[PDB]
Amino acid sequence: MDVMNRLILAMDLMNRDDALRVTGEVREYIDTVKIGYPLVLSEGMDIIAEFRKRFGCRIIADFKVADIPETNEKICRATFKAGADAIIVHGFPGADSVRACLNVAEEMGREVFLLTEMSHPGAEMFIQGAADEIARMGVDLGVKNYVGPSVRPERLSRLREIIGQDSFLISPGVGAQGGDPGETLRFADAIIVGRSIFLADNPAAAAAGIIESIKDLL
Amino acid sequence: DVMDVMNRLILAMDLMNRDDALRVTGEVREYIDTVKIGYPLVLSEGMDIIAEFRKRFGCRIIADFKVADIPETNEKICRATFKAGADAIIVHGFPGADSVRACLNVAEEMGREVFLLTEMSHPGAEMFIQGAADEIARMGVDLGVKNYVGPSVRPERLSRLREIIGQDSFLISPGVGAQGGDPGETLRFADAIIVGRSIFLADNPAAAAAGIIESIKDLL
Ligand SMILES: O=c1cc(O)n([C@@H]2O[C@H](COP(=O)(O)O)[C@@H](O)[C@H]2O)c(=O)[nH]1
Ligand SMILES: O=c1cc(O)n([C@@H]2O[C@H](COP(=O)(O)O)[C@@H](O)[C@H]2O)c(=O)[nH]1
């Protein structure tokens, strides 16, 4: 997966007008947008097709799928029908739930990203202790795409070690949550950035600035 | 101090087609006044489906969104969900206390309820969730969570969850019917059972619901 400027926009604005305007403002800097439930639940799944029509970007549906296998399959079907190129799945609910997602993705020509460890403080309670094993489970299942936390580079590095250099790894928590763009790209293929761009006075200037700071990694 | 679930039976409406979802829910409305709507239906038909159910049936709506993000995003998801008219939302506990608190804070501000999912009913739950479930439940109690979800298919685990949360907490339980859980046995511990496929895929969903209710008649 070739992500322009190694930068994925997390578009979590909840207003269609603002989301389209801001994305348009930064479109020259990205070709990959992560769309999550804040936008989808506020404006509908039709927003995905609208982004493809306007921007011709790839779309990662950040739905943190975390149900039983039966329901996971339905969620993935509905999501790929709406035009998502990929979907993010939690690993914590175990292997059968992940495999359900992998099956639908294969059927529809899409990718699954496995969320290992998360970036927020609460991740330390239960997720962090399971994260290495979740990553190994991903390897066992043939998962090739992973998500891990920018805010804990030692954990992100360990995740990279587990999955190998051939796997694709993207990482949120850059900017607002304190992660550093350059340090994160030591280990991740691409960084995910939301508020640092979309809440900025000048979103285009914010995006440009982040890219300038990693210019030599591109 | 808890929602009054008619017949102790909650419909899991996981049909993905608006016409079928509406038809089946209409057919069982005399037996059930509380409906669980999840992402299969919402991602297929939009959040306005919640409005449509309220308009047609006047049923309570539990949004089964298994919220499992960072606190910032959890807040936004809860806000959007309550704005659409959901009475309650289901939240995962495994992402930890700050993520749960974020949902509780929005629910408090907006006058709605959070249900905390503590262990799940599928085989995969044994890998990571089961080992964390007792602590997730205890965390819920510490945070002031009053409503919980736990699995019908592991009666020993459901019983332990009930112990942890106490008799005053509200507990609902899926996995009844299609996944093998027994209505009566489950209601030893849960306030209400959640049933999906064994009602909505039945030739006669009303008869399926009526039959389940007949089987637990002495527990109502
Ligand atoms: O561990 C994780 C996994 C995520 O998907 N995310 C997501 O990545 C984005 C981060 O946005 P921001 O740059 O504003 O902090 C949000 O959409 C959030 O839901 C995260 O922050 N941490
Ligand atoms: O542990 C759990 C938690 C759930 O929410 N569920 C949900 O409960 C419902 C079960 O439906 P069914 O009766 O068709 O098996 C589904 O909506 C599923 O997503 C579950 O099955 N197990």
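Quick note on labels: first sequence line is chain A, next is B, and so on, each numbered from 1.
Proximity of a side-chain donor or acceptor of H120(A) to a complementary backbone N or O of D98(B) within less than 3.5 Å is not detected. Between the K76(B) side chain and the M14(A) main chain, no donor and acceptor come within less than 3.5 Å of each other.
Relative ring orientation between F94(B) and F92(A) is described as parallel, the plane-to-plane angle staying below 30° on a 0-90° scale split at 30° and 60°.
Most heavy-atom pairs under 4.5 Å with chain B: of the set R195(A), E124(A), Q128(A), this distinction falls to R195(A). Chain B forms the most heavy-atom pairs under 4.5 Å with one residue out of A95(A), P93(A), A176(A), and that residue is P93(A). Of the residues considered (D14(B), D69(B), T81(B), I77(B)), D69(B) shows the highest number of contacts with chain A, using heavy-atom pairs under 4.5 Å. Between chain A and the options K83(B), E72(B), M47(B), the largest number of non-hydrogen pairs under 4.5 Å is found for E72(B). Comparing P123(B), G46(B), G196(B) by how many heavy-atom pairs each has under 4.5 Å with chain A, the most go to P123(B). Of the listed residues (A66(A), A130(A), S119(A)), the greatest number of heavy-atom pairs within a distance under 4.5 Å of chain B belongs to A66(A). Between chain A and the residues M127(B), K66(B), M120(B), the most heavy-atom pairs under 4.5 angstrom are made by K66(B).
For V67(B), no part lies near chain A; criterion is any non-hydrogen pair under 4.5 Å. Interface remark: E43(A) contributes no atoms to any contact with chain B (heavy atom separation under 4.5 Å). Both the backbone and the side chain of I136(B) come within contact range of chain A, judged by heavy atoms closer than 4.5 Å.
Counting heavy atoms of neighbouring residues, nucleotides and ligands inside a 6.0 Å radius, atom CZ of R18(B) exceeds 12 of them. Heavy atoms of other residues, nucleotides or ligands lying less than 6.0 angstrom from CD of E163(B) number more than 12. Within a 6.0 Å radius of CG in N15(A), more than 12 heavy atoms belonging to other residues, nucleotides or ligands are found.
Aromatic ring centres of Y37(A) and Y39(B): separated by under 6.0 Å.
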**Request:** Check step by step if side-chain contact (heavy atoms from CB on, under 4.5 Å) holds for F128(B) and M137(A).
**Result:** CA-CA 11 Å; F128(B) 306 110; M137(A) 175 189 70; 4.2 Å; yes
**Derivation of the side-chain contact (heavy atoms from CB on, under 4.5 Å) call for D62(A) and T73(B)** = CA-CA 11 Å; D62(A) 181 9; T73(B) 300; over 6 Å; no
